[PDB]
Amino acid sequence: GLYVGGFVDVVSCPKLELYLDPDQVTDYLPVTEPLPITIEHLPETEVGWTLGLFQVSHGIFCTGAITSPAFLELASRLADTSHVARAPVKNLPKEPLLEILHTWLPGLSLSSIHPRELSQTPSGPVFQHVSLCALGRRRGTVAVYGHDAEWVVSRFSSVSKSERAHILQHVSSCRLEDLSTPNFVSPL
């Protein structure tokens, strides 16, 4: 069980593309229904689920859980045994897993439909998934990975106490065990 949090970039047709202003989608927030957490908008890389997308003072904040056993075990092995994975991280970190995810997947990209379908009334869901990304971070903040949801939200000074309380209310109400098993498979 691993938690992630941070401010997101809102992209439409990712890697195909248009970055959106957070205000173009605030009318459709919050989103407390689980959305899949994938990697670089790739299919079959679901590693977890969103626990809440909230509009706060300085943009759209995301809190999610990384639940894929295959991904956690693979990432943990690389963090403990790979000189390449540890090259861009400070020497001898206490939590090599967290620091490596923090360094290699800093971006949280929120997938969305085209804006031309938002000015009108959208027919279907506006958001498709959130992605951990190695590139493309603009307005978003570097994703924070940790073991306690409260600890993750604490690392962001851009979130007031009242906001933080609103987040943990919807995060604490979600049990990670009731979530579906992500479909991630190791591409090794």
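The numbering used is simple: start at 1 and walk along the sequence shown. Between two forms, the rigid core is defined as the largest C-alpha subset superposing within 1.5 Å.
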_Higher-deviation segment by CA RMS in 6 other deposited structures of this protein, core fitted, 123-131 or 140-148_ = 140-148
*Which stretch is more displaced from the shown form in 6 other deposited structures of this protein, 179-187 or 3-11, with RMS over structures and residues of Cα positions after a rigid core fit?*
179-187
*Could you bin the unmodelled part of the deposited chain lying between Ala165 and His166 as none, 1 to 3, 4 to 9, or 10 or more?*
none
*For the C-alpha atoms alone, is the average B factor greater in 177-185 or in 3-11, going by the entry?*
177-185
*Taking the recorded C-alpha temperature factors, which stretch has the higher mean, 80-88 or 114-122?*
114-122
*asked:* For the CA B factor values reported in this entry, which option in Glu46, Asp148, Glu33, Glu40 has the top one?
replied: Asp148
*Highest CA temperature factor in the entry: which of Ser68, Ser158, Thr63, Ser131?*
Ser158
